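Just need the structure, nothing else, for what follows:
(one chain, ligands or ions: 1)
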Amino acid sequence: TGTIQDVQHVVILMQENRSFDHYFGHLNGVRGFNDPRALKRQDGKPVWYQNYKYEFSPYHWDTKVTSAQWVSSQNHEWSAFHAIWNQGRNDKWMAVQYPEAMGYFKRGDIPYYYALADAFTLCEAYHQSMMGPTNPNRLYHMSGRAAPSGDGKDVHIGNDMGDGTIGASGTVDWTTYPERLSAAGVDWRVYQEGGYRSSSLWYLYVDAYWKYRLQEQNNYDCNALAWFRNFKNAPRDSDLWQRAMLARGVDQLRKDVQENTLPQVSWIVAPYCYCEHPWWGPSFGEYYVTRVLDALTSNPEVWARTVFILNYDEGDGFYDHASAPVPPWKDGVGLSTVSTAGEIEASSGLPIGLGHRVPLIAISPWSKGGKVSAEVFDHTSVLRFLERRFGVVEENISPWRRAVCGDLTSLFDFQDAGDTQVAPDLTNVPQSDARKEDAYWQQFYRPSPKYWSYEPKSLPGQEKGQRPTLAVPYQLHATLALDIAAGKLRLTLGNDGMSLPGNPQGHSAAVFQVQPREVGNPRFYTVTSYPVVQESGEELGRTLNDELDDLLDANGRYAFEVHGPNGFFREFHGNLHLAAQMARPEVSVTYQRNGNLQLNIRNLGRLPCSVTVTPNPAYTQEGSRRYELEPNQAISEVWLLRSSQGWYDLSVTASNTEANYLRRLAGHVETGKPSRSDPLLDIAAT
Ligand SMILES: [Ca+2]
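Residues are numbered from 1 along each chain as shown. See below for the structure:
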């Protein structure tokens, strides 16, 4: 016992069109509306201000007075999503969307979801695989690739795949993971209220004037297994059609749980009235989650070996501030040690994914405590988790997606059981029934939310408090060097990977985003903790060297930021041409074993200079330290960080040096053990 194999039943529930900051932008301990490493626009304001001939900012939807649970969905086409992305700038959020997409909810509107988040594990770095519509994301979730072949050509980007119910009438013909599950011999099933032709336009997309209330019989064509040739043309009495595509119910799920005959792996699909789609409120999705939870938790033996994973397909047009890792798509935009075959759209040329943030909640006896996990995951991580548990490896996973995204084994603590019960409120259906009842009956008639009448006087804050967080394998180095001969900027990016209890040795892949504050274009890098054998016989990995030639101005001015995973910040400023003929310092880092930090300052110049280190006042109260460093000199300093929860933000300045010269270092020391969240989140952003 005590391993991943102890898990026996796995349930996957997948809702629609809810971004991260829309739900948990206020929750304490998450990288929410007050991320201190927020992206900065060209004008110098943080990205929380968006310019569309006027200044737009996020605002709090207050269901107690308006109808925020009934808002029409926005436009989230592929072109719209990529124009939002803007090749890493992420600043045209209001260019294509509409103002109402900037709203966010609070605990007063969704008590059930916030109770779940406070009680169960939440991922704040979960990204959608394709920056596009629903079906391709669900195609990735059910197959692991949205193309007939893994060469990057003919990848579906619009929407054709379907079952001829709500306008989607296509058929795709590559190997699907449930087929591998059937071939292997693992019991799998799909829970939905109806099969073929259950959903109807006449029922759901005509405002449903006859009912407009509830439909517990259809499935909204969200079954991605039904779009494949083998399934769509399987024998009517065949095993595949029995296991996958039929009519079932959540009451039958409760019956199966109480009979100790739960299918090993269950895809739970939702009816349209409950699947969180913007035509319907989050309260209905809460009620369905309550039904699933009370059905599942109705037995000790079943709950002692069950893992329930709730996630969403895409974030729709709802606002999210982070910028997702992406693979290089042309020249002059960075290099990756791992071959990006099949990850780049051939016709368009821009990369497919990954995309913005969507919530992921893990409910299991091994996933309590209200923890927050900073590793980056995509839809393929679920299939990789099934691979890790059952051993059936899906080859359809693109190599870049295999390297970048994790396998969800870092969320759960399998060294124990923790088989305790769950709070009575979340399993108590009738109060959630009351919430659904007065949500439909009251918030229906309230006026709709605007932005021209509910403009915010300030950017939204965050709930007070920290949360314990889970260890991540990312430890990074980013050093800058100036070529005194060629006058170029050389960036050394490095990774090692942290050993984990869930990761036997510590394979990991990190993505770096380099943001030009003044001039240039964002440049992305992918490094890995293991060697990668390139097609030419080389051995890439563990270290990358790049040259930032195009960032320089006409007079040598350079000013840029280096981002990453888990709040890795390195801000570099200065100038080059005049810097040649006097001294210059350089800053290097070393992660001590016991969670402390070591800072080394290296001088190769010609005259002595004084260098002062002044930490941010929030983390610690000891004073700045200054050293008079000579030419060809170096000194090392040990910085204690246990009282700051193992986070650092240092500003290194110097005298007798160039103007505008300033170095900024910031991040979290990774040691392989769970720790707390960032203390700086609850400090007001502006
Ligand atoms: Ca969707």
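
where's residue 21, which helix or strand?
helix 20-24 (DSSP states H and E).

Flag every buried residue along that helix.
Neighbour-count burial for helix 20-24 flags 20, 21, 22, 23, 24 (criterion: 16 or more other CB atoms under 10 Å). Just so you know, the C-beta spots here come from the backbone N, C-alpha and C atoms, and that holds for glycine as well.

Over to stretch 200-214?
Buried residues in stretch 200-214 (16+ other CB under 10 Å): 200, 203, 204, 208.

Narrow those to those in helices?
If you go by DSSP state H, these have 203, 204 in helices.

For the ion, state which of the buried residues of stretch 200-214 is nearest.
residue 204 (14.7 Å; CB to the ion).

So which residues of the stretch 51-200 of the chain form helices?
78-85, 93-96, 111-119, 134-142, 177-184 (DSSP state H, counting those that start in this stretch).

Give me the helices and strands touching the first one, please.
Under the contact definition 3 or more CB pairs under 8 Å, 6 or more residues apart in numbering; DSSP states H and E, helix 78-85 sits against helix 93-96.

contacting residues for the spatially most central residue of the chain?
Nearest to the geometric centre of the chain sits residue 126, at 2.3 Å (CA atoms, centre = their mean). Neighbour list for residue 126: 20, 311, 357, 358, 359, 360, 376, 377, 378 [criterion: CB atoms under 8 Å, 6 or more residues apart in numbering].

Equivalent analysis for residue 517, please.
40, 42, 559, 560, 561.

looking at it, the fourth one is touching residue 519, isn't it?
Put plainly, it is residue 560. No - here residue 560 does not reach residue 519: they are 9.4 Å apart, not a contact under CB atoms under 8 Å.

list residues touching both of those two?
residue 551.

Look at those two and report which has more neighbours.
Legend: neighbour count by other CB atoms under 10 Å for residue 560 and residue 519, higher for residue 560 (22 against 15).

and the helix or strand containing the more buried one, what does it pack onto?
Secondary structure from DSSP H and E places residue 560 in strand 558-562. Judged by 3+ CB pairs under 8 Å, 6+ apart, strand 558-562 is in contact with strand 509-516, strand 569-574.

what does the longest one rub up against?
Under the criterion CB under 8 Å, 6+ apart, residues 39-40, 88, 323, 325-326, 334, 338, 376, 403-404, 474, 476, 478, 491, 493, 495, 522-529, 548, 551, 559-565 lie in contact with strand 509-516.

Count the residues that sit near the closest residue to residue 497 other than its chain neighbours.
Nearest-residue entry for residue 497: residue 529, 2.9 Å, with adjacent residues in sequence omitted and distances by CB to CB, 6 or more residues apart in numbering. When neighbours are counted by other CB under 10 Å, residue 529 registers 21.

quick one, phi psi at residue 529?
Backbone geometry at residue 529, expressed as degrees, to the nearest 10, gives phi -80, psi 0.

same question, the one 3 residues further on
For residue 532, the backbone dihedrals (degrees, to the nearest 10) come out as phi -120, psi 120.

so it makes contact with residue 335?
No - with contacts counted by CB under 8 Å, residue 532 stays clear of residue 335, the gap being 12.0 Å.

which of those two has more neighbours?
Shown here are residue 532 and residue 335; by other CB under 10 Å, residue 532 has more neighbours (19 against 16).

Please give me every residue in contact with the more buried one.
337, 338, 339, 539, 540, 541.

The ion: which of the residues you listed is nearest?
residue 338 (28.6 Å).

State the distance from that closest one to residue 398.
10 Å (CB to CB, to the nearest Å).
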